[PDB]
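Below is one structure, written out as structure tokens; the observations come after it.
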Amino acid sequence: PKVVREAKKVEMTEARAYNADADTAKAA
Amino acid sequence: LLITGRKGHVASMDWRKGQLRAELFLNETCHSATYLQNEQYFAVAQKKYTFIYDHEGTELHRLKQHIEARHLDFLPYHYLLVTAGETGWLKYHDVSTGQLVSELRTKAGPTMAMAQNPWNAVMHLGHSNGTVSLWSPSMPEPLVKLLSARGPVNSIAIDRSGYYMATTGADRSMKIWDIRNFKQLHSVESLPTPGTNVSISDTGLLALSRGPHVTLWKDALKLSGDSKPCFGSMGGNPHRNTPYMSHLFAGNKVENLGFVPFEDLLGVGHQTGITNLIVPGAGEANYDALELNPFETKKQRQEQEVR
Amino acid sequence: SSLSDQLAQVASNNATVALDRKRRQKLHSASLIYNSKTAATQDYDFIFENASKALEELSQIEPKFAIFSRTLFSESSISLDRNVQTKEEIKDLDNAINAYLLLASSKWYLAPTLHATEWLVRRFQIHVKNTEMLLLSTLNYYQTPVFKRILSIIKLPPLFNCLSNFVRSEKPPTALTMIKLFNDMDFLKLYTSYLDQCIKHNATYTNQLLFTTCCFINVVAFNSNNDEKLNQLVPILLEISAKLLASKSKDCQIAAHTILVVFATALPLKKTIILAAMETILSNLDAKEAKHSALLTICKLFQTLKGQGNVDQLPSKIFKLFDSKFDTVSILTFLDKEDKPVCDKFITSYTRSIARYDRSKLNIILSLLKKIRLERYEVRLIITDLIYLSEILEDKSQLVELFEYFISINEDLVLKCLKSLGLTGXXXXXX
Amino acid sequence: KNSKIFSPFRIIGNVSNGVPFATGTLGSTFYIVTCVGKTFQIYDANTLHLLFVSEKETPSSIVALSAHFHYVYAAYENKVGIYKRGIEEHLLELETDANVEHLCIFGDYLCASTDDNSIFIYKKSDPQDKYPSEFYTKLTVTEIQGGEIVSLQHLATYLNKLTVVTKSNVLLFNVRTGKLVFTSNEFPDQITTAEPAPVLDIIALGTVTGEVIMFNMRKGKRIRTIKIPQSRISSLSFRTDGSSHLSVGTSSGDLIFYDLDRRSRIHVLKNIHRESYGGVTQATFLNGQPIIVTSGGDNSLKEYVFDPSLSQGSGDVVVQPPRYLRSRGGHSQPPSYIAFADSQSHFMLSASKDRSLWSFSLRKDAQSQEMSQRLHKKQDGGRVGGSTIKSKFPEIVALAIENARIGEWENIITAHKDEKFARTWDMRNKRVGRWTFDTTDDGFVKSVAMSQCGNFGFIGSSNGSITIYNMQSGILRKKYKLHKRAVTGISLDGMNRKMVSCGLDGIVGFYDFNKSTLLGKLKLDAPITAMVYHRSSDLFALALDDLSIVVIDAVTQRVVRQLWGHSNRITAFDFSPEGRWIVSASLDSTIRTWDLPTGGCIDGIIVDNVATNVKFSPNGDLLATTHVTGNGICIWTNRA
Amino acid sequence: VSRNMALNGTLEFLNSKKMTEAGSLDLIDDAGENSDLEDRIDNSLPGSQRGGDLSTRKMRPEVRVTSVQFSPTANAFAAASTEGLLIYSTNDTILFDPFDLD
Amino acid sequence: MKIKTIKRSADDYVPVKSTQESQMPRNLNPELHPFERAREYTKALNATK
Amino acid sequence: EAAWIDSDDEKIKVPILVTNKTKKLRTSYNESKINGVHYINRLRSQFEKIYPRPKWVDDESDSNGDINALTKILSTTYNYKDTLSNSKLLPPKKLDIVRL
RNA sequence: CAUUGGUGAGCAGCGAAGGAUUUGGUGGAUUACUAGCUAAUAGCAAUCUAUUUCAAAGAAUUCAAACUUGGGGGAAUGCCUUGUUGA
């Protein structure tokens with residue numbers, strides 16, 4: 001028998017992003 | 001590990017290795033289950049009748065008695081299966097002989113919370129009054145009543161030493177009782193959503209379940225005022241007791257939570273499934289191998305089953 | 001999914017964790033040398049005596065095993081179980097054992113490596129944890145009785161599903177089933193990443209490196225129909241043969257010639273790929289016996305392709321490099337070989353490059369043509385370049401003697417190219 | 001052009017058009033916004049449901065999209081909408097006449113860039129405020145500074161610096177001051193598409209020649225470069241799972257994956273979107289997850305995943321090639337002929353010039369599926385004659401469906417463009433039926449109909465012949481011969497007794513069908529293009545070539561109403577569910593609403609795009625139109 | 001007659017996500033979950049079909065139209081269902097049913 | 001953030017050989033042996049029976 | 001040493017403790033306001049914690065005949081069979097034919 | 001002579017760079033589409049902790065509670081119920 005290629009059920013794990021909305025600071 | 005679905009799973013897994021002993025699909029609803037005397041004989045709490053199953057999934061007994069069972073517990077030095085359902089009554093079934101020992105009228109209504117005392121083998125019911133009631137199969141009155149919290153009692157747990165109790169009423173409250181002298185140590189007031197479940201570790205670590213949360217405290221069970229568990233220290237105050245370890249699930253509502261006995265995890269049972277959260281300080285690291293073996297062959301078990 | 005699918009997934013992650021005594025008496029009982037009853041009754045302390053006594057013999061055969069007695073085969077490395085250690089520390093136990101099975105794989109017929117790896121089998125659980133680098137190091141010994149033992153232990157990975165009928169079988173796994181392994185497009189991507197790992201340590205041995213190509217030839221052979229299958233195959237095979245030519249070893253370079261010549265006859269590659277391959281063959285060509293094999297590639301590579309620009313002049317960086325490693329006298333001794341391979345389509349690209357680049361040695365360009373019977377279009381395509389050269393080059397009497405060779409044979413061919421370009425009387429007037 | 005009866009509900013069957021979709025993150029879940037022309041959509045990324053469509057159509061096409069967590073920033077012609085749940089909660093108008101090409105969000109700022117090389121900055125009026133509203137300043141780029149603006153990017157950890165990429169080079173603007181803090185060097189190629197990187201200080205670049213250029217901003221240099229043969233790079237994305245992967249999306253339909261650690265390609269996807277409609281317009285690895293989302297211009301949107309590696313110890317070398325996961329589909333081409341499937345208005349068949357019929361859903365928009373075209377293996381045993389490189393069926397110009405016996409044999413008969421036969425389709429199994437229906441006189445099929453019992457299949461050849469095939473076996477029963485020109489519409493009454501037909505010779509023949517006798521024969525003036533019968537009342541309407549609808553009673557065998565008022569060819573029409581209206585659409589770009597008692601139009605709708613088909617629901621609620629441009633189906637809510 | 005998942009005989013095709021490896025997810029008794037006592041008490045006799053009370057089924061009610069008659073007057077007909085007696089009619093007359101139009 | 005958890009190590013508590021008997025580690029904490037008086041009563045009550 | 005310097009990136013002074021998310025950037029409990037050069041330094045190191053640095057950015061940069069001549073031309077082509085030639089020689093075993 | 005029985009050789013016929021049977025895995029449906037999380041009039045989504053506490057409100061059968069028991073007969077000892085002795 002050849003290599004049993006079977007697709008597995010894919011669940012979206014949680015992740016995180018660097019927020020661009022913190023990259024702005026107020027005027028001095 | 002034993003798990004029960006609210007709809008139909010009952011799975012008596014071996015847990016470390018990947019073997020599976022019995023998987024029963026029951027089309028009746030099921031509330032709770034415990035292993036009675038080994039890994040081999042367990043006892044689910046069905047729609048109406050507490051059954052007694054075997055390691056293969058066989059039925060061994062349809063208990064005519066125990067006619068409601070929401071909360072189900074075993075205590076292992078008496079071979080004495082205990083139930084307290086939505087009927088008020090409290091029944092103890094000596095599962096070696098099969099002879100029901102003692103049927104006890106609780107008088108307080110449907111049992112909202114039950115958990116054994118390991119040091120003492122008395123048991124603690126919890127009612128809609130908020131009166132945690134100590135019981136014993138000899139006397140038909142409760143041994144001692146304890147107004148723990150207002151409203152009903154969501155869950156209770158008792159320290160392995162027997163000294164300490166933790167109740168969680170549905171009045172957004174939580175009590176820490178001292179069972180040797182029947183005096184509450186200190187009372188967590190106004191935790192933001194009422195703790196549905198607690199459990200005590202073996203080292204003495206406290207657990208709490210707001211429902212999607214799991215919160216842990218270290219040295220909560222002591223007697224000083226500094227041991228009073230708190231959600232946060234203002235200014236990093238050392239006398240105030242921050243929570244030890246917290247975890248929150250995404251969209252779940254947990255049902256019970258029990259520590260694994262001789263490792264340091266806690267088994268959390270939520271609506272989608274099961275996680276074990278890894279807790280370092282939880283379990284006791286060095287057991288006593290005459291009493292309870294994590295490492296136990298077939299021959300070492302069935303000789304200790306007779307003993 | 002179901003329950004028993006997820007709950008058997010926990011079993012794979014704890015395949016080595018000895019929990020009950022019966023779980024230990026199944027894991028510890030399997031090994032390379034001792035049978036199933038006498039294996040379970042002996043300590044690690046017993047096995048470490050036989051290993052460290054054997055490993056000092058392997059250190060005498062070559063000194064490379066001396067380092068592993070400091071780390072893996074040391075006396076302090078009896079107490080360490082894999083399962084107790086962190087995730088970073090396990091990858092170092094893998095990268096020691098992965099470095100071990102490279103050096104072990106060469107001396108594998110010998111008795112001391114069988115007693116040496118067995119402690120690294122039975123203490124370090126390599127027959128469960130890392131059985132790819134265990135099997136890929138020992139994939140060339142399929143006929144031997146030692147690989148039949150190696151099959152009788154290993155839970156086979158999902159990529160080696162071709163051998164799964166030969167586990168605990170009587171007869172050894174046959175030669176075609178080894179090809180059904182290499183026919184998969186994923187199993188090759190191991191055997192690239194095994195080999196490019198194996199070349200970097202410069203321990204690739206002769207019997208191993210044959211069995212690589214003797215499978216890599218057949219994978220081209222079994223896929224000679226499906227032109228789609230070959231199209232996705234050479235990012236795997238030619239990237240080996242690119243890195244297999246970068247080796248210092250003369251023995252690795254001849255293996256690259258076997259795969260290149262076989263693939264080039266099976267699929268007509270582009271002109272730019274063949275000129276790319278011809279540089280890398282030229283660039284690292286040092287030893288004697290690698291040169292003879294290398295010349296029969298370019299002899300054969302130039303005949304595989306056919307199209308427009310088939311007989312083009314070689315590029316500048318290519319040609320002087322070919323003159324650097326191959327001599328113009330040595331190419332003549334090559335043509336006088338009584339093997340006499342088909343050197344036909346390459347030399348007419350070689351001769352034209354002489355006519356444009358170097359031009360100093362056209363005595364050779366006569367003697368090249370006496371030794372090889374050329375093709376019909378090739379001689380016309382040569383003579384066009386020389387007549388271009390006849391006008392441009394400051395006129396020379398040896399160039400006249402070249403056309404005298406073509407006044408001897410194919411006179412009308414000389415005329416028809418002159419009647420295509422220029423005049424008939426003007427060429428004889430030019431000389 | 002405000003109608004009194006109808007009002008538009010939404011357009012059904014469109015997913016994307018070519019404008020790059022932009023993803024937003026809620027918590028741990030992901031939503032994809034796309035656009036459809038003047039009205040954008042929102043898809044979940046966990047099951048690709050439709051979550052939100054905008055409440056009003058925009059006055060022009062949405063040119064660029066972006067989305068920060070709850071708020072979808074949509075940018076049509078002169079203005080930028082800041083939308084929540086598809087509701088316009090704040091309209092932000094840019095003070096030029098130029099059209100906005102690209103848009104960007106970071107921090108307190110919004111950054112919109114018009115086409116005439118000018119960048120507008122909009123500040124949050126307060127840090128409590130969620131959408132930026134106040135006009136801060138106008139940044140310009142003269143052509144001596146750089147080329148035309150390719151895109152606007154804001155890289156990670158730059159205080160108010162805005163990486164403006166141009167066709168020539170790369171800029172940086174400190175939007176608090178307004179000053180060019182850094183300009184890059186000039187690139188030899190025309191830049192087409194830029195994208196940031198999960199590493200620090202690196203934006204990725206895409207040229208018209210096949211070259212991806214990694215570019216540092218702290219060093220201002222090119223770190224890595226990747227050459228691609230013969231491709232115009234249109235989209236870039238990085239996998240943030242922890243494994244280094246670059247996805248290059250061409251404009252020739254190819255999607256190409258690289259492994260920057262191993263310096264190799266992994267697997268190249270071929271034709272995941274059509275080359276002609278634009279190729280891969282946008283592709284994006286979802287954050288920290290092995291899911292890339294590809295959306296071309298050919299009205300589709302697909303997700304591809306990486307399976308875990310088959311190797312135990314190797315891992316990152318043996319990489320599984322990508323794998324098809326869920327997708328949504330629409331017509332790439334405008335629809336030729338549609339119909340409704342059932343009485344509760346729950347499915348619509350739509351056949352287009354893409355050659356692929358679709359059973360769209362008015363009810364739930366994730367329920368729409370292409371009807372399969374996979375021929376049943378014959379009962380007879382001899383093999384099917386067809387080209388081995390399977391091509392789709394020729395486009396469908398006439399469809400008929402009677403829903404009475406569904407799930408037991410075929411109930412959909414379609415006539416393809418320029419084929420002497422006309423195939424059948426099962427509705428429930430979503431598949432081409434096993435029978436094909438021939439005309440037996442070598443004429444093209446111009447009109448088909450089915451009996452209400454669902455047993456007989458009518459075929460109107462273009463040489464007069466009306467063959468009536470049965471629907472169990474596909475067997476021939478009866479062949480009617482009255483017309484001599486092309487038959488252009490058949491029907492059978494509700495009682496299965498009388499049968500009509502209409503030809504281009506003007507003859508409207510009235511058949512009996514129980515007996516095979518010709519009941520009578522009526523001749524009008526003009527040739528007759530189409531017929532819509534109404535089986536509840538035995539009235540049917542014709543479309544003539546003298547631009548008038550003639551309504552003829554089927555029992556009394558005479559013209560009852562004749563409707564004048566059109567001024568060009570009548571495309572299609574349909575009765576109301578109760579026979580009280582006829583809505584006809586014509587090449588005068590109008591859609592009128594005829595009233596059969598009083599004999600006149602009561603509503604005239606001037607639509608700029610000409611309407612090809614108009615079909616009522618069998619229920620009295622929806623009106624569906626298909627136009628000439630555009631891909632989807634406009635659905636009209638009935639005020640009546 | 002009716003489109004109810006609550007009644008049994010409605011759907012030609014059940015959903016597939018209800019089918020768990022041991023059995024449909026509708027046949028599972030939800031009766032013990034209920035808060036009151038009076039809901040939890042299953043007194044359904046074993047094979048009682050079309051019996052006395054609706055509690056004694058332990059099934060969802062079947063869809064059946066038992067007896068049908070036309071009206072005497074006005075094109076109506078009443079069909080006696082499980083849900084209750086239906087009445088169909090034509091008292092709307094929102095319909096263009098012409099006769100002999102010139 | 002120093003983390004230590006309970007590690008059983010599986011090699012001490014389950015023997016390597018097959019012939020070696022299982023070692024049986026004991027903890028004399030009275031918290032884990034709960035019923036002091038009751039057990040030794042019913043060991044003597046079995047002793048007289 | 002960078003290729004550019006922003007002058008007013010030093011003058012800017014940001015309060016940390018306002019937003020719920022940025023309060024992980026502070027080193028000690030006493031600090032509340034950090035200038036823009038140190039704020040953007042700390043904000044890079046948290047951006048390390050979300051996306052670790054892969055191997056290709058830092059250690060690697062692109063900046064007789066060579067040895068890599070076969071690897072490079074394999075990178076620059078995607079289709080390897082000589083179909084572009086119009087060879088006028090017929091390929092064996094695969095015959096392009098179209099029935100009319 | 002008939003097969004409405006099994007195997008197996010052939011032909012007509014259908015026949016676009018192949019055809020047929022069987023099956024593993026995943027996806028989209030299987031009712032009608034208004035986004036994830038929490039302590040929820042708001043915040044997160046890189047995180048709720050060195051604001052998570054105080055205050056307020058909050059205690060009925062003066063201690064209702066097996067609507068849940070397969071049927072006969074019993075119940076010493078229990079338990080329940082009532083009566084009583086004694087402090």
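Ordering of the structure tokens sets the chain letters (A, B, ...); residue numbers start at 1 within each chain; ligands are numbered from 1 in the order shown.
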Per residue of chain H within 9 Å of chain E, record the nearest atom pair and its distance in Å to one decimal, counting only C-alpha atoms (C1' of nucleotides), with rows in chain order and ascending residue number, as a tab-separated table.
residue	atom	partner	partner_atom	distance
H:30	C1'	E:15	CA	4.8
H:31	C1'	E:5	CA	8.5
H:67	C1'	E:38	CA	8.4
H:68	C1'	E:41	CA	7.4
Which residues are near segment 15-20 of chain G? Cut-off 7 Å, only C-alpha atoms (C1' of nucleotides), ignore same chain within fewer than 6 positions. Put them as a CSV table (one decimal) with N, CA, C and O atoms, in the first residue's frame.
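Saved the output as result_38.csv:
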chain,number,residue,atom,x,y,z
G,32,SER,N,5.4,55.8,34.3
G,32,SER,CA,4.1,56.0,33.6
G,32,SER,C,4.3,56.7,32.3
G,32,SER,O,3.4,56.5,31.4
G,33,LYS,N,5.3,57.5,32.1
G,33,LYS,CA,5.5,58.3,30.8
G,33,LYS,C,6.9,58.0,30.3
G,33,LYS,O,7.8,58.3,31.0
G,34,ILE,N,7.0,57.5,29.1
G,34,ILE,CA,8.3,57.2,28.5
G,34,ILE,C,8.4,57.9,27.2
G,34,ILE,O,7.4,58.0,26.4
Using only C-alpha atoms, tabulate the residues of chain D lying at most 6 Å from any atom of chain E, each with its closest atom pair and that distance in Å to one decimal, by chain and increasing residue number, as a Markdown table.
| residue | atom | partner | partner_atom | distance |
| --- | --- | --- | --- | --- |
| D:537 | CA | E:97 | CA | 5.2 |
| D:560 | CA | E:102 | CA | 5.2 |
| D:578 | CA | E:95 | CA | 4.7 |
| D:579 | CA | E:96 | CA | 5.4 |
| D:580 | CA | E:96 | CA | 5.7 |
The selected residues should be written to file as a PDB file, in the first residue's frame (atoms: N, CA and C atoms).
ATOM      1  N   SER D 537     -55.316  30.656 -15.209  1.00  0.00           N
ATOM      2  CA  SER D 537     -56.455  31.331 -15.809  1.00  0.00           C
ATOM      3  C   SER D 537     -56.577  31.108 -17.305  1.00  0.00           C
ATOM      4  N   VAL D 560     -57.360  38.960 -26.438  1.00  0.00           N
ATOM      5  CA  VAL D 560     -58.167  39.669 -25.460  1.00  0.00           C
ATOM      6  C   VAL D 560     -57.592  41.057 -25.197  1.00  0.00           C
ATOM      7  N   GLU D 578     -50.995  36.086  -9.808  1.00  0.00           N
ATOM      8  CA  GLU D 578     -52.441  36.070  -9.950  1.00  0.00           C
ATOM      9  C   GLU D 578     -52.922  36.573 -11.303  1.00  0.00           C
ATOM     10  N   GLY D 579     -52.036  36.739 -12.278  1.00  0.00           N
ATOM     11  CA  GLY D 579     -52.468  37.144 -13.601  1.00  0.00           C
ATOM     12  C   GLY D 579     -52.876  38.586 -13.714  1.00  0.00           C
ATOM     13  N   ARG D 580     -52.586  39.393 -12.709  1.00  0.00           N
ATOM     14  CA  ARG D 580     -53.078  40.755 -12.704  1.00  0.00           C
ATOM     15  C   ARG D 580     -52.062  41.703 -13.316  1.00  0.00           C
TER      16      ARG D 580
END
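With distances restricted to only C-alpha atoms, F:14 is the closest residue to chain C from F:32, F:24, F:14, F:38.
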> If we count only C-alpha atoms (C1' of nucleotides), what is near residue 82 of chain E at a cut-off of 7 Å, once residues fewer than 6 positions away on the same chain are taken out, given as a PyMOL selection string?
Replying inline: chain E and resi 63-65
>> For a quick test of understanding: name the residues of chain B lying within 12 Å of chain E when counting only C-alpha atoms, and present them as a list in words.
In response: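 Result, ordered by chain then number: residues 5, 6, 7, 8, 9, 23, 24, 25, 26, 27, 28, 29, 30, 31, 45, 46, 47, 48, 49, 67, 68, 69, 70, 85, 86, 87 and 110 of chain B.
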